[PDB]
Amino acid sequence: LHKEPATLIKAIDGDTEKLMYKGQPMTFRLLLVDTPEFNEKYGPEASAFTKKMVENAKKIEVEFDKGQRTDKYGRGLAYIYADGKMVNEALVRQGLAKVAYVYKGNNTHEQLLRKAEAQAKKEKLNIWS
Ligand SMILES: Cc1cn([C@H]2C[C@H](OP(=O)(O)O)[C@@H](COP(=O)(O)O)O2)c(=O)[nH]c1=O
Ligand SMILES: [Ca+2]
């Protein structure tokens, strides 16, 4: 897989964000994770965590996996990086997301994110508390 440029347009919530990719605005849904909705427990925290991470970054990158690049809603499906740190992993490591929606053929970072979930779960963080 390879990283590609993008710039923040607007944070949306824990696992969706509006980015400019190849010069076009797109809503991106983070692969392999599920954050609570804003109205749910930990949803406000998930939203703030992603928003801070992507807004503070000097450099946003998108990384598509090997399979479908957009979902049935027109959202791009990617790993998003903020100054080289993967937002998908960082949410899971903090117990602000669950590993979820693992579909074969877009699951390259599955095991990395499960390792992070296991550690958030150990530490009883947030969703695991
Ligand atoms: C993360 C992801 C979600 N989706 C679809 C599955 C779900 O369909 P349904 O809308 O029918 O429940 C929905 C979950 O996204 P959200 O967690 O953002 O709602 O997005 C994919 O198709 N591919 C993906 O990789
Ligand atoms: Ca969600």
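Residue numbers start at 1 and run along the sequence shown. No hydrogens, no waters, no symmetry mates; every other heavy atom, side chains included, goes into these values.
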To the nearest 0.5 Å, what is the distance between [atom1] ([X]) and [atom2] ([Y])?
X: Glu110; Y: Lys104; atom1: CD; atom2: NZ; result: 12.0 Å
X: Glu17; Y: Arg75; atom1: CD; atom2: CZ; result: 12.0 Å
X: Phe64; Y: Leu31; atom1: CZ; atom2: CG; result: 9.0 Å

Exam field: side chain [X] to backbone [Y], donor-acceptor pair closer than 3.5 Å:
X: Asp71; Y: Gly76; answer: no
X: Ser47; Y: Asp13; answer: no
X: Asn107; Y: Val102; answer: no
X: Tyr42; Y: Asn126; answer: yes
X: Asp83; Y: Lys58; answer: yes
X: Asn88; Y: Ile80; answer: yes
X: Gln68; Y: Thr70; answer: yes

Flag side-chain contact, heavy atom, 4.5 Å: [X] against [Y]:
X: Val33; Y: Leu113; value: yes
X: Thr16; Y: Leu30; value: no
X: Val62; Y: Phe28; value: yes
X: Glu61; Y: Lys59; value: yes
X: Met26; Y: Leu19; value: no
X: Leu91; Y: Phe49; value: yes
X: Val92; Y: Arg114; value: no

Taking all non-hydrogen atoms of both residues into account, name the closest pair between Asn106 and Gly67 and its distance.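 Minimum heavy-atom contact is OD1-N, 2.9 Å.
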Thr27 to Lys18 - nearest heavy-atom pair and separation: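 Result for this residue pair: OG1-NZ, 2.8 Å.
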Are [X] and [Y] in one and the same hydrophobic cluster, where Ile, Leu, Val, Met, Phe, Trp and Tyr link if side-chain heavy atoms are under 4.5 Å apart?
X: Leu125; Y: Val87; answer: no
X: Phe38; Y: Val54; answer: no
X: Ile12; Y: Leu32; answer: no
X: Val99; Y: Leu1; answer: yes

Show every donor-acceptor pair shorter than 3.5 Å between a side-chain atom in residues 3-10 and any protein atom, with sequence neighbours excluded, or say none if there are none.
{"residue": "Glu4", "atom": "OE1", "partner": "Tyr21", "partner atom": "OH", "Å": "2.6"}
{"residue": "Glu4", "atom": "OE2", "partner": "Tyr21", "partner atom": "OH", "Å": "3.3"}

When you look at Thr35 and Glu45, which way does the side-chain contact (heavy atoms from CB on, under 4.5 Å) test go after all the steps? CA-CA 10 Å; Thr35 54; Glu45 288 70 29; over 6 Å; no
May I ask you to decide whether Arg93 forms a salt bridge with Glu89, counting only side-chain N to carboxylate O separations under 4.0 Å?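 Not counted as a salt bridge, because no side-chain N and carboxylate O are separated by less than 4.0 Å.
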Check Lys98 with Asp15, please: is the shortest side-chain N to carboxylate O separation under 4.0 Å?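 No salt bridge links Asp15 with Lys98.
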Taking only residues two or more places apart in sequence or in another chain, which ones pass ring pair (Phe, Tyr, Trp, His ring centres under 6.0 Å) with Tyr79?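 Only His109 meet the ring pair (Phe, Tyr, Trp, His ring centres under 6.0 Å) criterion with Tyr79.
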Does one side chain, of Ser129 or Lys124, offer a donor that lies under 3.5 Å from an acceptor on the other?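 Per modelled atom types, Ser129 and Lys124 side chains form no pair under 3.5 Å.
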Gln119: which of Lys115, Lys122, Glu117 passes side-chain contact (heavy atoms from CB on, under 4.5 Å):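 Considering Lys115, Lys122, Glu117, a side-chain contact (heavy atoms from CB on, under 4.5 Å) with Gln119 is found only for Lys122.
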Starting from the C-alpha separation in whole Å, work towards a yes-or-no answer on side-chain contact (heavy atoms from CB on, under 4.5 Å) for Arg29 and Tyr73. CA-CA 10 Å; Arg29 172 64 165 79; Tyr73 299 111; over 6 Å; no
